[PDB]
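# Experimental coordinates for this protein are included below, preceded by the sequence.
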Amino acid sequence: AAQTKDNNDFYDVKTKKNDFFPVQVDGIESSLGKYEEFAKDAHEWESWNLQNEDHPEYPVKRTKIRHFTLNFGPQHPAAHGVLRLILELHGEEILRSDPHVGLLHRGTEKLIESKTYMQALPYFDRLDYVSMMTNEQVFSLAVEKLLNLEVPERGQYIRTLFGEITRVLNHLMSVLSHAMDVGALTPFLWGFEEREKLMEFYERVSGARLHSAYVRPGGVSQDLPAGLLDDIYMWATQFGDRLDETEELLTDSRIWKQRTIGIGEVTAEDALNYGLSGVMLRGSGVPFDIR
Amino acid sequence: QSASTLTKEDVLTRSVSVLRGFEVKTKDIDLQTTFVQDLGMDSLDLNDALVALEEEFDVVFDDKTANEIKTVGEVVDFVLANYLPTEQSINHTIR
Amino acid sequence: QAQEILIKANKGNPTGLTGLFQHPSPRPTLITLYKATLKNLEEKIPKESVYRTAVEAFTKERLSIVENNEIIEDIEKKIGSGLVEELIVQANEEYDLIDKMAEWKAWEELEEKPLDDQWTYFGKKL
Amino acid sequence: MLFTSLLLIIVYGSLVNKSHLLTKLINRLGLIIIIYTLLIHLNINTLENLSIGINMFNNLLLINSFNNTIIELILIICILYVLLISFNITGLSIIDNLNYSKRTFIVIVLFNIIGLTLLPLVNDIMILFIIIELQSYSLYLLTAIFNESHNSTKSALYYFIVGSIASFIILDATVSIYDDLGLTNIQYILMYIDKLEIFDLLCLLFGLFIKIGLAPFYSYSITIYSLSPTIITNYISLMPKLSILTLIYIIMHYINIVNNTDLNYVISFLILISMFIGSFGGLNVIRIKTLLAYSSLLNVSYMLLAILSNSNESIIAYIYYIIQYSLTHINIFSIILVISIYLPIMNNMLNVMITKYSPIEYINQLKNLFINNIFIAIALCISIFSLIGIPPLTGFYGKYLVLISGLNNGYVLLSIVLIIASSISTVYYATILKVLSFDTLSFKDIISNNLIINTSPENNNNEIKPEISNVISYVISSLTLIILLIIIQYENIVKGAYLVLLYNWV
Amino acid sequence: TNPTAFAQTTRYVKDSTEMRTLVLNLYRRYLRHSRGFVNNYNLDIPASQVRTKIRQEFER
Amino acid sequence: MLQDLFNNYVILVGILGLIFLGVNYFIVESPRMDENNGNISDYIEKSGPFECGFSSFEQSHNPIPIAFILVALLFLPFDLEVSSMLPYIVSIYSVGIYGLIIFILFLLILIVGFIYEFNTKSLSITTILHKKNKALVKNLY
Amino acid sequence: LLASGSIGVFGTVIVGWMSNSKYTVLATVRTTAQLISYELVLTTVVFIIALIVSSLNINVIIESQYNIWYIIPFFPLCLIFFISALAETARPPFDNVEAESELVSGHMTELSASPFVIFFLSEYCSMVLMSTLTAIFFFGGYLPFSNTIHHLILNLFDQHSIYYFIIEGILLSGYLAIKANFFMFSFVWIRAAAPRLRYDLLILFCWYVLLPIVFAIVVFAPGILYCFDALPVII
Amino acid sequence: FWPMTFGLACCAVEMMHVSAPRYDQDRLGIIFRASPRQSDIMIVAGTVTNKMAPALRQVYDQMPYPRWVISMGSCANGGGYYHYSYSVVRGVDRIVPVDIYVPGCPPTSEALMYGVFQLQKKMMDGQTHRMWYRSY
Amino acid sequence: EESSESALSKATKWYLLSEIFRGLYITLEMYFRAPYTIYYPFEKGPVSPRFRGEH
Ligand SMILES: CCCCCCCCCCCCCCCCCC(=O)OC[C@H](COP(=O)(O)OCCN)OC(=O)CCCCCCCCCCCCCCCCC
Ligand SMILES: CCCCCCCCCCCC(=O)OC[C@H](COP(=O)(O)OCC[N+](C)(C)C)OC(=O)CCCCCCCCCCC
Ligand SMILES: CCCCCCCCCCCC(=O)OC[C@H](COP(=O)(O)OCC[N+](C)(C)C)OC(=O)CCCCCCCCCCC
Ligand code: SF4
């Protein structure tokens, strides 16, 4: 704030508060004469310096040098896509982090205003591009509420069934990639085969593995093909074991707990004030769920 | 080591040389030479001179001083009072 | 006078909410906050204010419950606004709101009326 | 006793909580340890039994009557130094808490005392290198004990580099002796004293001369003593000279067996230069510790003249001089620490900055001490007049005995030079006395309500509150009268020096 | 949450005289960082041309 | 013990390392056979540092604070302790009980430094920032 | 063996030679930190095995395990040695030098073509060497799994012909290969089963846990040997 | 065949499933490298924005030769759904040369593998050293 | 003072890496299981009549 004679953008002159008496020293003299008699030549003599560097108020112009500025930029595996995370590091400790976003800003909200409500739906598949069908559901519900229409009973169950299939797909991508970043590579491979089985359910009812424009305002695009429920159930009887085997490597691992316990703590008070929701909000002791 | 080695005459001499690199009205510059009247400097021309004087003496005028300075002598007084040598590395001093 | 009162404890047994610790003196803290809240209303906010009328109604109800229930669980089960540690936070925030309401003078006439075309959407005036 | 108790203090200090009170009480524990060490050493070591010289630990160490006297002196002077950090020196928290801030203060001192005592006892070139590094490293740590001080860390950096070079020279000399002879034990080397290069021992002395600030290597010593805190300068400027000078005397004792005249001339050349720099160097200085650093250099030169002669009178001269100089050294630094309470408080020209580490940093800060405290001022005057050499103080007899050894061995040039140097050095010695008292009659009718001591609150306005604590004032009183009244017991003390034998026998 | 380096708090100035000072203060900051702009972005022009460009934009 | 065979192996190892570089220098096609963007000394967009896409401040010669510097310094005294155990390894039988006691006393002294480090907590990583909760207190009148 | 391996650490830190690459610099700091962790622990464990045999000759250590493999008396040391081997080679869970999710590629982020190959070759050469060392120190090196089977196979060949010594070299190295391949399998096995541990946690792990344990054993072992009049000699 | 980890948008999810156990790109020798120095294949899998375009060019220039670029999905090919956006590049070929275009939104894991096979077929037809003998 | 397991029991798990060997054993079990990989282009993944591809 403001450029001062003791602090500017290029340097500063810091003076700590004195912790000793302001001693008064007058009449500096040597065995040959007074200080003023030899002060002209005293600049060559270090023993004649009248200022102590240990003094808290010793003037020192120190150049302002930025900390280690590391760009956790788009070409980094840790960033789940495009992110210019600018970190102010003192060694490896984080002092200040500046997440730069907009590298994936494609003006989706601007483009939607030029599309009809049916044409605008496929844009939502590409926002949270692992939980596609939930993205369609929130936009579908908004339009249905505005339209003052209600989805029939079977339609609601389908969006509930694929709403949780979508949630399993998202958590498979979220948790395993989180474990992969920490260093657990194997659970990532185990669960991504379960994604293949679940994405086959996406393709069977819509014809698209990922961007399935299936949930639409007023219901779903098409009815379930015959045999889907049997295939979903057969996968369900086995998916329980896949979760247990995933927990075999993470839940009780001492290495995994040393990387997660006490890391990124968020208080319940601050979680609400920062608009955190879901697992972020429920991790701090607040039992709130939109469902 | 870390102490000012400036003099009023040397600071004034280099202040005049910097100000003569601009399109000032008069080349006769002393302590009492005013920027606005004698040198004919407007808002932006004056700030260009102040920053140019900052580069010469490696000093930074504060906001209050720069927004109220009138004469060259005030610039000379500010440089004498506030100039410090930049701190060197550990190797420059003790070696 | 100097009644320094602890609002949020920085240490102690956890309450189940991250960052919220158990309060060493639950009941006495609420009693002082409630009584100070009632006094502050009668000295800063006029009687005709709806805000003052509503705050006195529930502050007295919460003050009566605290002064008649020794068990901490029974206090929460009747007020129904969270744990007592949370109630202390609510009492402090309500106490500070009264001071801000007094400065705002929020019981007077509408400070800024909207324009005629202000709250109109696509030709229909709301 | 030292080693066993040091380990207990190391563990105990790291267990108890960090506080100024516990550190001070731990400092008192270190005082008891050194006192117990002195009692144990006096119980088993006697002058008569050690006259012949007794080998220890596979002949790696050799103790005689000459060595034993210095060890007893080292323990005693260390006791007086611990009293500074074990008790109040000014009674003011803002000043005294510096000594209680570092817990490892007493630990590092105990490490150095072990090095100081064992150094004169070395009987092997291998243990000589080990012990000299043990003493040197402990001094570096003590110089850097205040790691939050820019000057303290800078001085320790300077101390480490200069001492490491000296250690390399010492190691280079011992290795060269091993190459010529193949033996590491000094007594075995003495069998070939007439067949080894005697100038290799001069290389060994050159490394030892650096560690005592002898010219031309004086410059680093003056710089370190002035920058270091007064509590640290008081130790590092005296303790290394107690042990290294004793070892130099033993080495010179062995060198004189072959009586190399060229060896004596080189040492005489360094003594001559040190007297010139020691005298003229302190004439134009404004810092008191800088003045004392030149004073230290000059007095070491006087002792080296006795060491260079290396005769029966040299033993009497060296033992007396080192004892009385240490007592004067302690007395002067004790007074300097105390008199910081009389410093005026600002309430400016020359922008003088004074830090908590060295409250007394300039000679003119001693102004009006005759008025502020007449008894302390006279005590300082007695100490300064002793350094000058005014009889019958302890300082005169030290120079009197040094002149006897120098003139008996034929060092006429050095004896005349040392007396011219004494007169030149009297100029800056008298300057201290001028500052103390020469303005008494003009400032007698003056008012000083701005002194540091004036900030001390009173108890009840009826208690007679002394300005100085009991322990430090008593030490100054005792040391001052010993310096003043040495004539009473001078004859008996020299008789004790008569019995200190370095393989003389008959 | 700590603001990034060189971040100012947005404020609406109701005094024309005060606004002039803020512009002048910001004008000098641009001139002082002209050499930094040349060094950081590795420009092909000297810092003198940068200051001329800064003056031209301010004069608009 | 003859070590002529060992010397030939060391010579081959040194030559082997240069073969990998020499092969790579003589196998890669010339730039003109590739897209012909010129020499690498001119392709500054390629020889520049990698910063994940976005260029940042150049801090090649800036100081780097180290939070484990004390652990790095404490490594040296302990490394010398381990090295000093080498003489006892091959002389354990000849020294007998006397050397065993001396070897134990040698470790009993260094264990004091090990205890001192444990109590002083000097092995912990130093941090500039500290996270402390502040109790909210109301100055009610 | 220990001295030559310590030189390899200097090669890694050379890449960060006032480098303009920030990710290369961060790896060099982590590389030095890991060295402080394992070097003391790894060196002392090898010294205990040498102390047990009273010899610093590798071939003598192998022959001393004819009756007992040192895995049985020193099972804690074998685990400690393997942990130190993982730290030395910067292998997971101690792969902080080349953490792809932290420092893209570490010190190799600016390397390509032959410099990458040589570093890649050296890192995997250390994995084989440390796997072979584990087989030597704790599993008898080249000694046969079964003495009876070794005699039967060699009895099929005449010792007056070179074919016996061709088969003998295959068997003895085959015994070493099987034990070495198991730990090379274990190097891969731990990578596929454990997440990466932070390097600052590794520093506390070695100094607070590993060093006290290994120093305790270096006292325990001579006490046992002296008690039963079994101080080792070289024969 | 060593591609570079350059996932931008939903096209990257299908690129991850190529490394999934069902297809296991590692069985063909395909390893994703985090640094442009160690990678010779650049797979542009996602939308390229104007804010991202300079970063994409710099990363491409940091890849040593020989190097190839694969454009996957409608975003990288011609902008796709965001062709008429104010902040979207209409095709990554406006910035870097593209060797093969993979269609789809997103292209399936088999669609990407087919495109890689086409590129490998092109690579096997290279005649760099015979060109020096006959054409130069 | 309220731990259910004794200090020796908690130390045995801690020193001998009880859960680490448990995690290793589970990973080794998959080594003896059938993989999921299909050999494209010689084999193709499942398709449905609703699938959207080339126009
Ligand atoms: C009857 C009672 C008698 C009592 C006194 C007896 C001794 C009397 C001594 C007489 C000699 C000194 C008096 C004359 C010297 C005057 C010095 C002087 O005038 O200036 C210093 C001179 C440089 O001259 P400058 O600085 O330019 O002054 C302007 C001259 N037009 O600087 C010089 O050039 C001087 C030469 C350089 C310094 C030489 C130093 C070498 C050692 C000198 C002897 C010191 C011996 C000390 C012994 C103890 C210490 C080892
Ligand atoms: C023999 C040399 C090779 C194996 C060495 C390591 C074995 C484990 C050591 C600590 C055991 C411990 O601490 O045991 C305790 C724990 C857990 O049991 P708990 O929680 O107390 O059970 C509760 C109480 N019950 C017992 C009544 C139910 O057991 C284990 O997790 C055993 C792990 C077995 C799987 C891995 C074995 C094969 C490892 C891979 C091949 C090298
Ligand atoms: C006397 C018998 C000696 C036994 C010798 C072996 C000791 C091994 C170390 C035990 C201590 C320990 O693993 O400690 C765990 C440490 C530090 O954990 P901490 O911060 O103290 O928290 C835990 C303490 N709690 C619960 C009280 C808070 O970190 C780790 O997770 C290190 C993980 C290293 C895994 C390497 C495995 C590689 C595969 C090996 C199998 C082939
Ligand atoms: S082309 Fe389709 S699937 Fe690929 S990034 Fe663009 S919107 Fe996503």
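Alright, I've got the coordinates. Numbering: from 1, shown residues only, chains lettered A, B, ... in the order given. Ligands and ions are numbered 1, 2, ... in the order given.

# Now for residue D:340, how many residues are close by?
Residue D:340 has 23 neighbouring residues, counting by other Cβ atoms under 10 Å in any protein chain shown. C-betas here are computed from N, CA, C, even on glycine.

# Leaving out sequence neighbours, find the closest residue to it.
With sequence-adjacent residues excluded and distances taken as Cβ to Cβ, 6 or more residues apart in numbering or on different chains, residue D:340 is closest to residue D:359, at 3.8 Å.

# That neighbour against residue D:98, yeah?
No. With contact defined as Cβ atoms under 8 Å, residue D:359 does not reach residue D:98; the gap is 9.6 Å.

# Identify the residue spatially nearest to residue D:347, adjacent ones excluded.
Using Cβ to Cβ, 6+ apart, the nearest residue to residue D:347 is residue D:450, at 5.9 Å.

# Could you report the neighbour count for the one you found?
Residue D:450: 14 neighbours (other Cβ under 10 Å).

# With residue A:195 instead?
The tally of other residues near residue A:195 (other Cβ under 10 Å) stands at 22.

# quick one: it from residue A:188, how far?
From residue A:195 across to residue A:188, the span is 10 Å (Cβ to Cβ, to the nearest Å).

# after the helix or strand containing residue D:442 comes which helix or strand?
Using DSSP states H and E, residue D:442 falls within helix D:440-443. Once helix D:440-443 ends, the next helix or strand along the chain (criterion: DSSP H and E) is helix D:470-484.

# pretty sure residue G:222 contacts residue F:103?
Yes. Contact criterion Cβ under 8 Å: residue G:222 and residue F:103 qualify, at 7.2 Å.

# and residue D:151, what does it touch?
Applying Cβ atoms under 8 Å, 6 or more residues apart in numbering or on different chains to residue D:151 gives the contacts A:52-54, D:227-228, D:357.

# Which two of those residues have the greatest separation?
The most widely separated members of the contacts of residue D:151, counting by Cβ to Cβ, are A:53 and D:228 (13.3 Å).

# can you pull the contacts of residue C:51?
Counted by Cβ under 8 Å, 6+ apart, residue C:51 has contacts C:45, C:101, C:106-107.

# who wins for most neighbours among the residues you listed?
residue C:45 (21 neighbours).

# Show me which residues of chain E sit near chain F.
residue E:40 (Cβ under 8 Å from any Cβ of the partner chain).

# tell me which residues in the helix or strand containing residue D:419 are buried?
Assigned by DSSP H and E, residue D:419 belongs to helix D:412-437. Neighbour counts over helix D:412-437 (16 or more other Cβ atoms under 10 Å in any protein chain shown) mark D:414-415, D:417-418, D:421-422, D:424-426, D:428-429, D:431-433, D:435-437 as buried.

# of residue D:359 and residue D:98, who's got more company?
residue D:359 (24 against 19).

# Could I get the contacting residues of the closest residue to chain C within chain G?
Here the residue of chain G nearest chain C is residue G:198; by Cβ to the nearest Cβ that distance is 23.0 Å. By Cβ under 8 Å, 6+ apart, residue G:198 lies in contact with A:258-259, G:96.

# what about 7 Å?
residue A:259 (Cβ atoms under 7 Å, 6 or more residues apart in numbering or on different chains).
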